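Participant: everything below, folded, please.
(2 chains, ligands or ions: 2)
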There are 2 protein chains.
Amino acid sequence: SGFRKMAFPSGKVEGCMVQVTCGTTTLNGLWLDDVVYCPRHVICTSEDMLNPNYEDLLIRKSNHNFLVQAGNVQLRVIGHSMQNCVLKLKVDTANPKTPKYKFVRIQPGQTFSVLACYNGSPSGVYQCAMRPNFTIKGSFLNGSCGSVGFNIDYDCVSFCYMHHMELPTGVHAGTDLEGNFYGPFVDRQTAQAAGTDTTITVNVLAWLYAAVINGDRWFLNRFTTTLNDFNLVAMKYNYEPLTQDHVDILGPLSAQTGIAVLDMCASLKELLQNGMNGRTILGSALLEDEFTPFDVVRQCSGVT
Amino acid sequence: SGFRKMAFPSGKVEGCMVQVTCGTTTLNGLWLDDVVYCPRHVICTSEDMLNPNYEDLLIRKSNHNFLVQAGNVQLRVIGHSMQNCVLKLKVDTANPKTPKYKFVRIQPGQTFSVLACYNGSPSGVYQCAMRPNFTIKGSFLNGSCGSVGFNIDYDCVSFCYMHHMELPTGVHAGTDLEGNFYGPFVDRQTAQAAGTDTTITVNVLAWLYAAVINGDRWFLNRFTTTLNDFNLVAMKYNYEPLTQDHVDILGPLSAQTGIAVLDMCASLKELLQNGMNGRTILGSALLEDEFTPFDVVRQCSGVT
Ligand SMILES: CNCC[C@H](C(=O)Nc1cccnc1)c1ccccc1
Ligand SMILES: CNCC[C@H](C(=O)Nc1cccnc1)c1ccccc1
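Facilitator: Numbers count the residues shown, from 1 in each chain, chains lettered A, B, ... in the order given. Ligands and ions are numbered 1, 2, ... in the order given. You can find the structure just below:
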C-alpha cells in the first residue's frame, strides 16, 4: 500500500553520463557503445545563442576540441557529427557500462524518469510526464543540458528525452535521442510559444484507480456518464478528450477494481465541477496527471 | 528553474541489493563488504508473525538455510547473527560494488530516498520524509522488506532506513541499519498505535523559499510575526513548533532571497488561516513538508 511518484532506478543511466566541454561551454553527454550524444549548443558561447548558425559553428571545431571526461577518465574523440539538434562524438572506446538500450520517441501524456546531471555527475532523479504541449515541468539549471529522460523494461533502457532548453516561462524543452525537438521549439535564445496545454485525462483516471486500490474512496459516487457527456466537462476544464482507446488502456484497472471506466469518469466529472472540498487523494490536493495506466499497474503489482 | 521531489541517484544502492530467502519467505537484503543485512522476519512464516519468538526461530536456522542471491550469483553464508530487528549474514565474498558508506540514525523531519525492491531487484526510487511520529508514507507491497532508505554526500551513501512493516493504517515502519525501529513499533502482526503526527514546519518554510526562488510569489505579504505568535497558529494547525534552531537552518535561504524568516512565517500563517484559495505553489495545492532546507539549497544550486 501507498502510492508514490516513483522514478526508475537510475543506475544503468548513471553509468552512461559523461561531461562534454567545447571551448568554455560544459554540459552532459550520454556515452552508449563508442558514441557520446549531447546537445549541439555545447559548441556555442552564451553570446552565440541569440541566433546560432550551427553548421558554421561546428565547422570551426575539430575532434580534439570536444573534451569528453567520464568521471576521471578522458575519452579520445575520433569523429563528430551533427544530427538535428544533437552532436554525436565517436570515441575510440565503447562504454563498458553500456546497458541494453533503445532510442524512443515518446508520445505526449507518457511519463519517464529524468536523471538530472551537472558536469557529467548525477545530482538526482525524478519522474516527469511529457505535457500534451510537448514541454516538461522539470528541475533544471544551466549546465543540466544533456541530462536524459528514460524508461526501463527489465534490463532495457529506452532513452526518450535529452534536455536542451528552459523557456522564458520556466518550463523545459528538449529532443529525442536523434536530436528532434518535442514540440515547436528551436535551440535559440528567443521567446518561444508553447502551445495551450491540457490535463492528461487518461492519467488522472489511472491515478483515481490507484487511489481506490490504496484506500482513498471518498470521491466514488452513485453516478455514471458517457464519453460525450464527460467530454463536455473535459472541454470546460481543459482536459484532453477521452477516447475509446483511453477507455481500453484503463481496462486492467477497471477489471481489478470492478469500477467501470465511465463510472470513474463520473467521479472525475464531479471532482472537476465541485473541487476536492478541502480533502486529499493520495496525499495530493489536486488531480494528478503524471501517472499513466501502465505506471499504476506496475507500481500496484511490484514490477521490477 | 523548476522544483521537483527529487531522489538521490540510486546506482550505488542498486549494486548492494540481494535476495534473501529462508524457508518459504523471500525479501531483500543489503550486501556491504562481506555482510548481508535484512529484516529478521525473513525467518518467519506468515503464521509466525502473530507473536514471533525470534530467538527461538533463529536457533532452528543454520547458515545453509539462508539463501542469498545477488542477481544470478549465489553467496556462501558463513555466519549469521541477529542484532535488534535485523539479521547480519556473513558471506565469504565482499561485494565488489560496495560504495563508501555509513549507517546513520536520522531524525524525524529529515528526508531520504527509498529504493523499493522485490526479490532483490530494484523497482523504483522515491523521496520520503521520516514523519515526526517516526512512520514513513511510502509505497511498499509484501516482498519489499529489506528495501532501504539513504542519503548521498558525493561518494558516500549514508543508509538510514530498512523497511520492515506496514501498519493496519497503510503507513510504513522500519529500522535503522542496526535493527532499531524508528518509533514505538515492534515487528509483529499486531495493531500498533502510531503517535499523533505533525506537519514539519521548517520544511514547509524551506519549500516556501524554494517557491520564491523559482517564481511562485503570490503568497508573500506585507506582514510579519514572532516565534510566539506563529507557534500559536502552528499549535492550532498541528504544525511542529518553530525554534531558533529551525530559524538558524533557514539562514542561507533567508540570505539568498532577502526574506526574513519571520516574514516567511507570516506568509505561512496566512496560508494556514486562509488556505490557498484555489491556487498552487510549485505545482502543489497543499503545503509541502518533504523538503528540508538542505534539500532546497542542494537542488537550487545543482549539487552533485
Ligand atoms: C551555450 N550554452 C547555453 C546553454 C543554455 C542552457 O543550457 N540553459 C538552460 C537553463 C536552465 C535550464 N536548462 C537549460 C541555453 C540552451 C538553449 C537555449 C538558450 C540557452
Ligand atoms: C514473514 N514475512 C512477513 C512479512 C510481512 C511484510 O513484509 N508485510 C508488509 C506488507 C506491505 C508492505 N510492507 C510490508 C510482515 C512484516 C512485519 C509484520 C507483519 C508482516
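Participant: thought residue A:119 was touching residue A:143, still the case?
Facilitator: Yes: counting by Cβ atoms under 8 Å, residue A:143 touches residue A:119, with 6.7 Å between them. Any C-beta I mention is one placed from the backbone N, CA and C, and that applies to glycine too.
Participant: now list whatever residues contact both of those two.
Facilitator: Common neighbours of residue A:143 and residue A:119, counting by Cβ atoms under 8 Å, 6 or more residues apart in numbering or on different chains, are A:26, A:28.
Participant: tell me how far the nearest residue to residue A:169 once chain neighbours are set aside lies from residue A:139.
Facilitator: Spatial nearest neighbour of residue A:169, excluding adjacent residues (Cβ to Cβ, 6 or more residues apart in numbering or on different chains): residue A:194 at 6.8 Å. Between residue A:194 and residue A:139 the distance is 17 Å, computed by Cβ to Cβ, to the nearest Å.
Participant: who's more crowded, these two?
Facilitator: Relative neighbour count places residue A:139 above the other of residue A:194 and residue A:139, with 24 against 18, counting by other Cβ atoms under 10 Å in any protein chain shown.
Participant: any idea how far that one is from residue B:80?
Facilitator: Residue A:139 is 43 Å from residue B:80, by Cβ to Cβ.
Participant: got it, and residue A:108?
Facilitator: Counting by Cβ to Cβ, the gap from residue A:108 to residue B:80 is 52 Å.
Participant: what about the residue nearest to residue A:275 when sequence neighbours are not counted, how many residues nearby?
Facilitator: In space, and not counting its chain neighbours, residue A:275 is closest to residue B:278: 7.4 Å by Cβ to Cβ, 6+ apart. By the criterion of other Cβ under 10 Å, residue B:278 has 8 neighbours.
Participant: is it true that residue B:278 touches residue A:277?
Facilitator: No: using Cβ under 8 Å as the test, residue B:278 is too far from residue A:277 to be in contact (11.7 Å).
Participant: which ones are touching the nearest residue to residue A:121 once chain neighbours are set aside?
Facilitator: Spatial nearest neighbour of residue A:121, excluding adjacent residues (Cβ to Cβ, 6+ apart): residue B:304 at 3.7 Å. Residue B:304 makes contacts with A:117, A:118, A:119, A:121, A:122, A:123, B:154, as judged by Cβ under 8 Å, 6+ apart.
Participant: buried only: go through those residues for me.
Facilitator: With burial judged by 16 or more other Cβ atoms under 10 Å in any protein chain shown, the buried subset of the contacts of residue B:304 is A:117, A:118, A:119, A:121, A:122, A:123.
Participant: tell me the contacts of the fourth one?
Facilitator: With Cβ under 8 Å, 6+ apart as the criterion, the residues that contact residue A:121 are A:17, A:19, B:304.
Participant: now do the domain split for chain A, please.
Facilitator: A:1-14+A:100-197, A:15-99, A:198-301 (CATH domains of a matching chain).
Participant: any idea how far apart the tips of the last one sit?
Facilitator: Looking back up the chat, that one is domain A:198-301. End-to-end distance for domain A:198-301, by Cα to Cα, to the nearest Å: 29 Å.
Participant: ok, now stretch A:237-244?
Facilitator: 20 Å.
Participant: is it anywhere near chain B?
Facilitator: No: against chain B, stretch A:237-244 shows no contacts by Cβ under 8 Å from any Cβ of the partner chain, the least distance being 13.1 Å.
Participant: got the buried residues for stretch A:21-29?
Facilitator: A:21, A:22, A:25, A:26, A:27, A:28, A:29.
Participant: wait, residue A:278 sits on residue B:275?
Facilitator: Yes: using Cβ under 8 Å, residue A:278 makes contact with residue B:275 at a distance of 7.4 Å.
Participant: contacts for the host helix or strand of residue A:298 next, please.
Facilitator: Assigned by DSSP states H and E, residue A:298 belongs to helix A:293-301. The contact list for helix A:293-301 (Cβ under 8 Å, 6+ apart) reads A:3-4, A:6, A:111, A:202-203, A:205-207, A:209-210, A:213-214, A:249-250, A:252-253, A:291, A:303, B:123-124, B:139, B:141.
Participant: follow-up on the earlier one: in strands, which of the buried ones among the contacts of residue B:304 appear?
Facilitator: A:117, A:118, A:121, A:122, A:123 (DSSP state E).
Participant: measure the last one to ligand 1 for me?
Facilitator: Just to be clear, that refers to residue A:123. 13 Å (Cβ to the nearest ligand atom, to the nearest Å).
Participant: where does the stretch 151-300 of chain A come near ligand 1, residue by residue?
Facilitator: Selection of the stretch 151-300 of chain A residues close to ligand 1 by Cβ under 6 Å from any ligand atom yields A:164, A:165, A:166, A:187, A:189.
Participant: tell me how many other residues surround the closest residue in space to residue A:7 that isn't next to it in sequence.
Facilitator: With sequence-adjacent residues excluded and distances taken as Cβ to Cβ, 6+ apart, residue A:7 is closest to residue A:113, at 3.9 Å. Residues lying near residue A:113 (other Cβ under 10 Å) number 24.
Participant: what segments of the stretch 201-304 of chain A are strands?
Facilitator: For the stretch 201-304 of chain A, no strands are identified by DSSP state E, counting those that start in this stretch.
Participant: ranges for the helices of it?
Facilitator: For the stretch 201-304 of chain A, the helices defined by DSSP state H, counting those that start in this stretch occupy A:201-213, A:227-236, A:244-249, A:251-257, A:261-274, A:293-301.
Participant: so which of those helices is the most packed in?
Facilitator: With neighbours defined as mean count of other Cβ atoms under 10 Å in any protein chain shown, these peak in mean count at helix A:201-213, which reaches a mean of 23.
Participant: C-alpha coordinates for that one, PDB please?
Facilitator: C-alpha atoms of helix A:201-213 as PDB (Å, rounded to 0.1, in the frame of the first residue of the first chain):
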ATOM      1  CA  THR A 201      -7.400  12.800 -18.600                       C
ATOM      2  CA  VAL A 202      -6.400   9.100 -19.000                       C
ATOM      3  CA  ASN A 203      -3.600   9.600 -16.400                       C
ATOM      4  CA  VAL A 204      -5.900  11.300 -13.900                       C
ATOM      5  CA  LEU A 205      -8.400   8.300 -14.300                       C
ATOM      6  CA  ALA A 206      -5.500   5.900 -13.800                       C
ATOM      7  CA  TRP A 207      -4.500   7.800 -10.600                       C
ATOM      8  CA  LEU A 208      -8.100   7.700  -9.400                       C
ATOM      9  CA  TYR A 209      -8.000   3.900  -9.800                       C
ATOM     10  CA  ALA A 210      -4.600   3.900  -7.800                       C
ATOM     11  CA  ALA A 211      -6.400   5.900  -5.100                       C
ATOM     12  CA  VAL A 212      -9.300   3.300  -4.900                       C
ATOM     13  CA  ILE A 213      -6.700   0.400  -4.800                       C
END
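Participant: centre of the chain to that helix, how far?
Facilitator: From the chain centre to the centre of helix A:201-213 is a distance of 19 Å (Cα atoms, centre = their mean, to the nearest Å).
Participant: that one vs helix A:293-301, what angle?
Facilitator: 20 degrees (axes from the mean of the first three to the mean of the last three Cα atoms, to 10 degrees).
Participant: list of residues touching helix A:201-213?
Facilitator: Counting by Cβ under 8 Å, 6+ apart, residues outside helix A:201-213 touching it are A:3, A:109, A:111, A:129, A:217, A:219-220, A:234, A:239-242, A:246, A:249-250, A:253-254, A:256-257, A:259, A:261, A:264-265, A:267-268, A:281-282, A:287-293, A:295-296, A:299-300.
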